[PDB]
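Have a look at the structure below before the remarks.
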Amino acid sequence: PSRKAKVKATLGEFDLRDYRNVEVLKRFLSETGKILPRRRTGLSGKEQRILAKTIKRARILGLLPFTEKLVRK
Amino acid sequence: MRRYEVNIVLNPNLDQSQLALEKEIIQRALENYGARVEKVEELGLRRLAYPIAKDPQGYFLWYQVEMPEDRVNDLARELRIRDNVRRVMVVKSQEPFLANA
Amino acid sequence: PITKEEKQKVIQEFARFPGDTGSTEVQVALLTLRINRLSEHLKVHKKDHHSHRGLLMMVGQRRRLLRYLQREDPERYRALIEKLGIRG
Amino acid sequence: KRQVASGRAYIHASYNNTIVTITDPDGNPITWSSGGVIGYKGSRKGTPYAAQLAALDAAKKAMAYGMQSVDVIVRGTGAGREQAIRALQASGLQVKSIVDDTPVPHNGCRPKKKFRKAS
RNA sequence: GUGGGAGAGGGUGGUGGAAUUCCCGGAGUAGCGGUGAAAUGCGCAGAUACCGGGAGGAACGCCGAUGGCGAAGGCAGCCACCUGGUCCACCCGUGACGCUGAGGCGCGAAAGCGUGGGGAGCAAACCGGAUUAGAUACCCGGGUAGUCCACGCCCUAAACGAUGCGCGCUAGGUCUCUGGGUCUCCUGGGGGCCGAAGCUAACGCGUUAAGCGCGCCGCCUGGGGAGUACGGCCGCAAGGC
Ligand SMILES: [K+]
Ligand SMILES: [K+]
Ligand SMILES: [K+]
Ligand SMILES: [K+]
Ligand SMILES: [K+]
Ligand SMILES: [K+]
Ligand SMILES: [K+]
Ligand SMILES: [K+]
Ligand SMILES: [K+]
Ligand SMILES: [K+]
Ligand SMILES: [K+]
Ligand SMILES: [K+]
Ligand SMILES: [K+]
Ligand SMILES: [K+]
Ligand SMILES: [K+]
Ligand SMILES: [Mg+2]
Ligand SMILES: [Mg+2]
Ligand SMILES: [Mg+2]
Ligand SMILES: [Mg+2]
Ligand SMILES: [Mg+2]
Ligand SMILES: [Mg+2]
Ligand SMILES: [Mg+2]
Ligand SMILES: [Mg+2]
Ligand SMILES: [Mg+2]
Ligand SMILES: [Mg+2]
Ligand SMILES: [Mg+2]
Ligand SMILES: [Mg+2]
Ligand SMILES: [Mg+2]
Ligand SMILES: [Mg+2]
Ligand SMILES: [Mg+2]
Ligand SMILES: [Mg+2]
Ligand SMILES: [Mg+2]
Ligand SMILES: [Mg+2]
Ligand SMILES: [Mg+2]
Ligand SMILES: [Mg+2]
Ligand SMILES: [Mg+2]
Ligand SMILES: [Mg+2]
Ligand SMILES: [Mg+2]
Ligand SMILES: [Mg+2]
Ligand SMILES: [Mg+2]
Ligand SMILES: [Mg+2]
Ligand SMILES: [Mg+2]
Ligand SMILES: [Mg+2]
Ligand SMILES: [Mg+2]
Ligand SMILES: [Mg+2]
Ligand SMILES: [Mg+2]
Ligand SMILES: [Mg+2]
Ligand SMILES: [Mg+2]
Ligand SMILES: [Mg+2]
Ligand SMILES: [Mg+2]
Ligand SMILES: [Mg+2]
Ligand SMILES: [Mg+2]
Ligand SMILES: [Mg+2]
Ligand SMILES: [Mg+2]
Ligand SMILES: [Mg+2]
Ligand SMILES: [Mg+2]
Ligand SMILES: [Mg+2]
Ligand SMILES: [Mg+2]
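Keeping their order, the protein sequence lines are chains R, F, O and K. Each residue of the first sequence is one higher than the one before, starting from 16 at the first, in the deposited numbering. Each residue of the second sequence is one higher than the one before, starting from 1 at the first, in the deposited numbering. Each residue of the third sequence is one higher than the one before, starting from 2 at the first, in the deposited numbering. Each residue of the fourth sequence is one higher than the one before, starting from 11 at the first, in the deposited numbering.
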């Protein structure tokens with residue numbers, strides 16, 4: 016049930032409010048460009064709420080995607 | 001006076017000359033809006049996660065200013081006027097909400 | 002909005018004695034400050050009803066405090082108003 | 011005839027029919043098929059079978075242009091989407107990849123009554 | 001008061017991508033659409049499916065919750081400005097300045113009304129296709145008002161927790177949002193569930209009371225006639241009280 020090491024574990028310190036850290040933010044998006052749930056992010060209510068605001072900033076800047084196509088099916 | 005962060009994405013092309021012309025209109029405009037550039041980060045051109053203005057890349061400029069609130073919006077306008085200016089996102093500064101550390 | 006200094010200048014300008022922060026005079030001064038600034042906002046943004054309730058409340062509290070002075074010290078009261086600029 | 015050798019295969023699944031479109035590397039159609047092109051004309055166009063035939067018709071027609079390998083692209087849900095995916099693979103055509111690209115709005119247009127009250 | 005905090009609370013301007021429709025260009029050909037099955041419909045004036053360019057309107061996927069904010073109605077992309085409420089800590093200032101609240105005034109989903117604008121999708125009425133014993137319906141293809149914006153009206157609702165507001169008192173357990181601390185746990189404010197005592201016709205409620213008490217407002221008094229008639233007030237009308 017979504018158990019493959021939460022994205023927070025496999026990662027170090029990072030400014031959750033930094034909308035430019037693509038290499039870090041990129042981690043919180045799925046195969047698609049969708050924001051991973053908390054079961055996967057591992058973040059907390061308060062953290063996750065800031066992740067979202069951050070990511071949505073990245074997207075508008077073009078640094079991050081809104082949607083991805085799935086390779087398989 | 002309040003502290004912000006001006007984000008600007010430019011045409012990933014243009015010669016070393018024109019690039020400096022936009023940065024000329026930027027500075028110029030900035031000052032005209034009480035822009036005290038406390039920092040900058042010309043990160044350069046980067047591949048976008050999606051094509052912006054038909055192009056798959058853009059030239060990113062980051063700053064950090066202090067200026068009169070009642071004008072942030074105006075400034076933002078003035079900036080977007082140029083064509084080579086494809087993005088302008090002014091975000092009110094904020095202390096880093098560290099996580100996992 | 003309203004900065005500390007703006008606020009302070011007010012508290013000091015009305016304190017009954019150094020250190021006075023919660024005296025009826027001070028409170029009513031502060032309210033009158035918020036009230037004015039808020040009534041200014043609502044001149045422009047007429048449809049911002051939610052905020053307007055806040056205004057109704059502030060105008061309430063001010064009235065009740067001012068009513069208190071009136072009852073305890075009818076002088077300090079005529080004093081305060083004349084100073085600020087309330088009651089008509 | 012024109013010779014492409016390598017291109018794309020689009021599968022438009024629907025609960026009413028499936029239709030396949032083969033295209034050159036730039037997305038311009040070369041040939042196509044569907045439950046209607048083959049015999050079927052009523053509710054059978056939706057059938058997984060119809061999708062199969064439509065898929066094979068497409069490939070063959072695209073053999074005439076000397077095409078050999080394709081990049082499958084799937085769109086929509088629909089009885090018989092997967093049969094197409096399979097019909098192609100097993101048909102001379104080399105399936106280099108399969109990619110689901112069904113369009114989904116970030117919520118913009120109000121659905122017809124028939125497709126509301128969802129979620 | 002001072003210092004901190006969280007939030008889809010409200011208003012104005014800006015702005016981002018996905019999708020639908022339409023227009024333009026390409027490539028391509030016989031159907032597409034639709035249903036239980038069909039037909040109406042659209043397509044060789046080349047539709048459907050596919051790529052590229054453009055215009056416009058409306059709504060914001062994932063995050064998203066069993067979550068949060070607000071007095072209620074209600075509030076969800078992102079940015080800035082203006083602005084409301086509220087919680088915690090420190091015990092710093094005033095010194096009962098308090099509670100409730102007939103009337104008044106303001107706010108108040110949707111539909112609806114007026115003037116002007118906008119109109120992509122959806123869609124009362126309406127035009128058609130099916131279905132049926134019939135089908136002024138359910139299903140299918142169209143489609144006007146409307147839905148959207150502004151300004152002004154209307155004032156309703158299963159406007160619901162079907163539970164008026166404030167304060168004090170009465171076991172705990174457990175999950176959760178948000179703040180402080182000596183941070184296993186303690187402590188304050190909010191959201192849930194199980195439950196002591198107790199209450200309840202029962203169902204159930206149970207520190208978020210429907211328990212034990214005080215204060216103030218509103219309301220009920222068998223069913224139908226009837227939320228009707230009359231009068232009055234309000235509304236442009238519809239119609240409201
Ligand atoms: K943290
Ligand atoms: K809608
Ligand atoms: K026909
Ligand atoms: K079709
Ligand atoms: K909720
Ligand atoms: K109407
Ligand atoms: K509206
Ligand atoms: K109104
Ligand atoms: K803590
Ligand atoms: K009992
Ligand atoms: K029950
Ligand atoms: K009761
Ligand atoms: K009457
Ligand atoms: K009136
Ligand atoms: K009248
Ligand atoms: Mg069909
Ligand atoms: Mg404070
Ligand atoms: Mg807090
Ligand atoms: Mg905080
Ligand atoms: Mg809000
Ligand atoms: Mg065309
Ligand atoms: Mg015909
Ligand atoms: Mg012909
Ligand atoms: Mg034509
Ligand atoms: Mg042609
Ligand atoms: Mg089309
Ligand atoms: Mg197109
Ligand atoms: Mg538009
Ligand atoms: Mg139009
Ligand atoms: Mg509440
Ligand atoms: Mg509700
Ligand atoms: Mg506030
Ligand atoms: Mg004290
Ligand atoms: Mg004393
Ligand atoms: Mg009251
Ligand atoms: Mg209303
Ligand atoms: Mg209303
Ligand atoms: Mg309406
Ligand atoms: Mg109208
Ligand atoms: Mg009109
Ligand atoms: Mg028109
Ligand atoms: Mg329709
Ligand atoms: Mg219809
Ligand atoms: Mg009127
Ligand atoms: Mg309810
Ligand atoms: Mg006890
Ligand atoms: Mg415990
Ligand atoms: Mg706590
Ligand atoms: Mg609690
Ligand atoms: Mg709740
Ligand atoms: Mg018992
Ligand atoms: Mg009871
Ligand atoms: Mg019983
Ligand atoms: Mg209980
Ligand atoms: Mg009580
Ligand atoms: Mg009554
Ligand atoms: Mg009777
Ligand atoms: Mg009635």
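Even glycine gets a Cβ: it sits at the ideal position worked out from N, Cα and C.
Handout entry: Reference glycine 45(K), options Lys123(K), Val105(K), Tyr25(K), closest by Cα
Key = Translated into the one-based positions of the fourth sequence, residue 45(K) becomes position 35. Among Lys123(K), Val105(K), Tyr25(K), the Cα nearest to that of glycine 45(K) belongs to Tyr25(K).
Practice task
Using a threshold of 8 Å, state whether the C-beta atoms of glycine 86(K) and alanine 19(K) are closer than that.
Solution key: Residue 86(K) sits at position 76 when you count from the first residue of the fourth sequence. Residue 19(K) sits at position 9 when you count from the first residue of the fourth sequence. Not in contact: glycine 86(K) and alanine 19(K) (Cβ atoms no closer than 8 Å).
Practice task
Check whether the Cβ of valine 39(R) lies closer than 8 Å to any Cβ atom in chain K.
Solution key: Here residue 39(R) refers to the residue found at position 24 when the first sequence is read from its first residue. It does not: the Cβ of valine 39(R) has no partner Cβ on chain K nearer than 8 Å.
Problem - Three-way DSSP call (helix, strand, coil) for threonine 31(K) in this model - result: Looking up residue 31(K) in the fourth sequence gives position 21. DSSP places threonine 31(K) in strand when its eight states are reduced to three.
Practice task
Just the C-alpha distance for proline 113(K) and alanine 29(F), rounded to the nearest angstrom, thanks.
Solution key: Your numbering for residue 113(K) matches position 103 in the fourth sequence. Your numbering for residue 29(F) matches position 29 in the second sequence. When rounded, the distance between both Cα atoms is 42 Å.
Exercise for the section: Evaluate contact between the region 26-43 of chain R and the region 86-97 of chain F, counting only Cβ atoms and requiring at least three cross-stretch pairs below 8 Å. Expected result: yes
Exercise for the section: Tell me, please, whether the CB atom of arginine 72(R) is closer than 8 Å to any CB atom in chain F? Expected result: In the first sequence, the residue the question calls residue 72(R) occupies position 57. With 8 Å as the cut-off, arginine 72(R) counts as an interface residue toward chain F.
Handout entry: Residue-chain proximity (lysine 84(R), chain K), Cβ-Cβ < 8 Å
Key = As a first step, residue 84(R) is located in the first sequence; it is residue number 69 there, counting from the start. Yes, because at least one Cβ of chain K sits closer than 8 Å to the Cβ of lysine 84(R).
Exercise for the section: Check the Cβ-Cβ distances between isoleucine 50(R) and every residue of chain F, and say whether any is below 8 Å. Expected result: As a first step, residue 50(R) must be located in the first sequence, where it is residue number 35. Chain F contact via Cβ: absent.
Problem - Three-state class that DSSP yields for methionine 77(K) in the structure shown - result: In the fourth sequence, the residue the question calls residue 77(K) occupies position 67. Three-state DSSP puts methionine 77(K) in coil, outside helix and strand.
Exercise for the section: Look at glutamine 62(K) and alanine 97(K) and say whether their C-beta atoms are less than 8 Å apart. Expected result: Residue mapping note: residue 62(K) aligns to position 52 of the fourth sequence, counting from 1. Residue mapping note: residue 97(K) aligns to position 87 of the fourth sequence, counting from 1. Yes, they are a contact pair.
Practice task
For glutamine 64(F), decide whether its Cβ has a neighbour in chain R, counting only Cβ atoms nearer than 8 Å.
Solution key: Here residue 64(F) corresponds to residue number 64 of the second sequence, with the count starting at 1. Cβ-Cβ to chain R under 8 Å: no for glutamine 64(F).
Practice task
Just the chain F side, please: which residues come within less than 7 Å of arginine 32(R) by C-beta, in chain order?
Solution key: Within the first sequence, the letter at position 17 stands for residue 32(R). In chain order: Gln94, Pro96, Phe97.
Practice task
Would you check if there are 3 or more beta carbon pairs closer than 8 Å linking the region 56-73 of chain R to the region 55-69 of chain F?
Solution key: no
Handout entry: Collapsed DSSP secondary structure at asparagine 117(K) in the structure displayed
Key = Position 107 of the fourth sequence holds residue 117(K). Looking at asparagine 117(K) - three-state DSSP - the assignment turns out to be coil, as it is neither helix nor strand.
Problem - Any alpha helix (DSSP H) of 4 or more consecutive residues that is wholly inside the region 47-88 of chain R - result: 53-56, 60-76
Problem - Minimum C-alpha distance to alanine 20(R) - residue among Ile70(R), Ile50(R), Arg42(R), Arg74(R) - result: Within the first sequence, residue 20(R) is the residue found at index 5, counting from 1. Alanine 20(R) has its Cα closest to that of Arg42(R), out of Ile70(R), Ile50(R), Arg42(R), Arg74(R).
Practice task
Would you tell me roughly how many angstroms separate the C-alpha atoms of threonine 33(K) and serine 45(R), rounded to the nearest one?
Solution key: The residue given as residue 33(K) occupies position 23 in the fourth sequence. The residue given as residue 45(R) occupies position 30 in the first sequence. C-alpha separation (whole angstroms): 29 Å.
Handout entry: Within chain K, the residues that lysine 68(R) reaches when beta carbons sit closer than 7 Å
Key = For the purposes of this step, residue 68(R) is taken as the residue at position 53 of the first sequence. None at all; the shortest Cβ gap to chain K is about 17 Å.
Exercise for the section: Could you round the C-beta distance between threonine 33(O) and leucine 85(O) to whole angstroms and report it? I think they count as a contact, below 8 Å. Expected result: Here residue 33(O) corresponds to residue number 32 of the third sequence, with the count starting at 1. Here residue 85(O) corresponds to residue number 84 of the third sequence, with the count starting at 1. So it is a contact: roughly 5 Å between Cβ atoms.
Handout entry: Paired residues, beta bridge with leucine 75(F) - DSSP
Key = Looking up residue 75(F) in the second sequence gives position 75. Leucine 75(F) pairs with nothing; no bridge assigned.
Problem - Pairwise C-alpha distance: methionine 67(F) and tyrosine 33(F) - result: Working through the second sequence from its first residue, we reach residue 33(F) at position 33. Working through the second sequence from its first residue, we reach residue 67(F) at position 67. Their Cα atoms are separated by approximately 7 Å.
Exercise for the section: List the residues of chain F whose Cβ lies closer than 7 Å to the Cβ of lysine 23(R), in chain order. Expected result: Locating residue 23(R) in the first sequence gives position 8, where the first residue counts as 1. Simply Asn100.
Practice task
Tell me whether the beta-carbon of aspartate 81(K) lies closer than 8 Å to the beta-carbon of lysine 88(R).
Solution key: Along the fourth sequence, read from residue 1 onward, the residue named residue 81(K) stands at position 71. Along the first sequence, read from residue 1 onward, the residue named residue 88(R) stands at position 73. In this structure, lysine 88(R) does not lie closer than 8 Å to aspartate 81(K) by Cβ.
Handout entry: Paired residues, beta bridge with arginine 18(K) - DSSP
Key = Along the fourth sequence, one-based indexing puts residue 18(K) at 8. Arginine 18(K) pairs with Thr33(K), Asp81(K).
Practice task
State the DSSP-derived secondary structure class of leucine 98(K), mapped to helix, strand or coil.
Solution key: Sequence index remark: in the fourth sequence, residue 98(K) carries index 88 (1-based). The answer is helix: DSSP assigns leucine 98(K) an H, G or I state.
Problem - Closest by C-alpha distance to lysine 10(O), when choosing among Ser24(O), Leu31(O), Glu73(O), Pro2(O) - result: Here residue 10(O) refers to the residue found at position 9 when the third sequence is read from its first residue. When only C-alpha atoms are compared, the closest one is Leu31(O).
Problem - Beta carbon proximity, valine 84(K) to chain R, threshold 8 Å - result: Taking the fourth sequence and counting its residues from 1, one reaches residue 84(K) at position 74. So yes, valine 84(K) belongs to the interface.
Problem - Per-residue DSSP class, three states only, for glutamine 9(O) - result: The residue given as residue 9(O) occupies position 8 in the third sequence. Of the three classes helix, strand and coil, the one that applies to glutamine 9(O) here is helix, per DSSP.
Handout entry: Interface partners of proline 80(R) on chain F, CB under 7 Å
Key = Taking the first sequence and counting its residues from 1, the one referred to as residue 80(R) is at position 65. Simply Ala49, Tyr50.
Handout entry: Min CB distance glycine 44(F) to chain R below 8 Å
Key = Along the second sequence, read from residue 1 onward, the residue named residue 44(F) stands at position 44. For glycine 44(F), the answer is no, since every Cβ of chain R falls outside 8 Å of its Cβ.
Exercise for the section: Determine which residues of the region 67-96 of chain F have a Cβ less than 9 Å from any Cβ of chain R, and write them out in chain order. Expected result: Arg86, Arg87, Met89, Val91, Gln94, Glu95, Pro96
Practice task
Please list, in chain order, all residues of the same chain as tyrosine 78(O) whose beta carbon is under 8 Å from its beta carbon, the five residues on each side excluded.
Solution key: Translated into positions along the third sequence, residue 78(O) becomes position 77. Cβ neighbours of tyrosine 78(O) beyond the five flanking positions: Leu67, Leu70, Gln71.
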